[PDB]
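A short worksheet on the structure shown next.
Atoms considered below: every heavy atom in the structure, side chains included; atoms not considered: hydrogens, waters and symmetry mates. The sequence lines fix the lettering, A, B, ..., with proteins before strands; numbering per chain opens at 1.
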Amino acid sequence: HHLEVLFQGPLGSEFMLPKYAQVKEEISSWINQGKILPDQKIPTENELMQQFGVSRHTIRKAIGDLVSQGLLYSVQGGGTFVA
Amino acid sequence: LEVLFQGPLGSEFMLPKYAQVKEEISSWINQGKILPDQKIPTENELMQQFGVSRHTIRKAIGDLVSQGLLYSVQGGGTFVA
DNA sequence: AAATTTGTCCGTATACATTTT
DNA sequence: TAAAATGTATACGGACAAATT
């Protein structure tokens, strides 16, 4: 019964994607609407966590996934960037 | 190296929790209180008796399997190598 | 069967290490 | 130089997945 995110139990079609996946969708949206152009910086990990209201590890999980599929690349001490 | 309780003239340190668990388990083995192919206490038992999280237990045990002191069988249990 | 037990996923918190800037 | 930003380590919690017993 894949946990995902659940607001409530009863009836229907059930509930939301995990937090990190929601974050993934948002970031990937920024890239694919071109609000963030190739080689440009995404708002940082700290910033991201303050705006999304999630842990740094949730942010890092989303970003890491997006790096693995090659949409982002990150530079230690530098920042994170559009691929 | 990682832990403390902060006081003057120096700083008081202790091993991280998982390290303490490691020492305990490995001492059980090296004193022969547990013999090859015998199972150690379950991760659940260990967390309840040591008062730490299942991940602290799993971390210690993981380090001890990497050394070949232990081996675990999923659904089976954990054993002295 | 179905309960135990170990394995992995998801989420949170704090501290410190490593590089850039 | 330090500050900032990413990386890894140490904890904790809950829920689910997989294989044994």
Legend entry - Any B:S53 side-chain heavy atom under 4.5 Å of B:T56 side chain: yes

Inset, instruction - Report the pucker family of D:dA11 (north if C1'-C2'-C3'-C4' is positive, south if negative). - result: north

Legend entry - Nucleotide D:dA11, atom P - distance to CG of B:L15 in whole Å: 10 Å

Inset, instruction - Among the candidates D:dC16, D:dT6, D:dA11, find the nucleotide nearest to the side-chain atoms of B:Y18. - result: D:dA11

Inset, instruction - Using whole Å, report how far NE2 of A:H57 lies from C1' of D:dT6. - result: 14 Å

Inset, instruction - Have a look at A:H1 and say if it touches a base, only the backbone sugar-phosphate, or nothing, with a 4.0 Å heavy-atom cut-off. - result: sugar-phosphate

Legend entry - Minimum-distance pair of heavy atoms, taken over all atoms of B:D37 and B:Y71: CA-OH, 3.8 Å

Inset, instruction - May I have the distance from B:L4 (atom CG) to D:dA9 (atom P), rounded to whole angstrom? - result: 20 Å

Inset, instruction - Ignoring hydrogens and angles, state whether a donor on the side chain of A:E26 or A:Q22 is under 3.5 Å from an acceptor on the partner side chain. - result: no

Inset, instruction - Between B:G75 and A:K41, just flag the one whose closest nucleotide in DNA chain D comes earlier from the 5' side. - result: A:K41

Inset, instruction - Identify, between B:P41 and A:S55, the residue whose nearest nucleotide on DNA chain C lies closer to the 5' end. - result: B:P41

Legend entry - Any side-chain donor near an acceptor of the partner, A:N46 and A:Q50, under 3.5 Å: yes

Legend entry - Sign-based sugar class (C1'-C2'-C3'-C4') of C:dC16: south

Inset, instruction - Check whether any side-chain N or O of B:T42 sits under 3.5 Å from a backbone N or O of B:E45 as a donor-acceptor pair, and report yes or no. - result: yes

Legend entry - Whole angstrom value for the distance that separates P of D:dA5 from OH of A:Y73: 16 Å

Legend entry - Counter-base of C:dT14, judged by Watson-Crick or G-U geometry with both distances under 3.5 Å: D:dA9

Inset, instruction - On DNA chain C, reading 5' to 3', which nucleotide is the first and which the last to sit with an atom under 4.0 Å from a heavy atom of chain A, could you check? - result: C:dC10 to C:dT21

Legend entry - Gap between atoms CD and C1', on B:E2 and D:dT10 respectively (whole Å): 5 Å

Inset, instruction - Find which nucleotide of DNA chain D each of A:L3 and A:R60 is nearest to by heavy atoms, and output the residue with the more 5' nucleotide. - result: A:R60

Inset, instruction - Rounded to the nearest angstrom, tell me the gap between atom CZ in B:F79 and atom P in D:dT21. - result: 7 Å

Legend entry - Interatomic distance where CG belongs to A:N46 and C1' belongs to D:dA4 [whole Å]: 10 Å

Legend entry - Cation-aromatic face contact A:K61/A:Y20, 6.0 Å, 45 degrees: yes

Legend entry - Given B:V80, B:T78, B:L70, the one that forms side-chain contact (heavy atoms from CB on, under 4.5 Å) with B:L64: B:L70

Inset, instruction - Looking at every strand, decide which applies to B:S72 at a 4.0 Å heavy-atom threshold: base, sugar-phosphate, or nothing. - result: sugar-phosphate

Legend entry - Along DNA chain C (nearest heavy atom to each residue), the more 5'-positioned of A:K19 and A:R56: A:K19

Legend entry - hbond_proxy A:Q76 side chain to D:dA5 base (donor-acceptor, 3.5 Å cutoff): no

Inset, instruction - Could you tell me the separation between the CD atom of A:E47 and the P atom of D:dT6, rounded to a whole number of Å? - result: 11 Å

Legend entry - Non-hydrogen side-chain atoms of B:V73 and B:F79 separated by less than 4.5 Å: yes

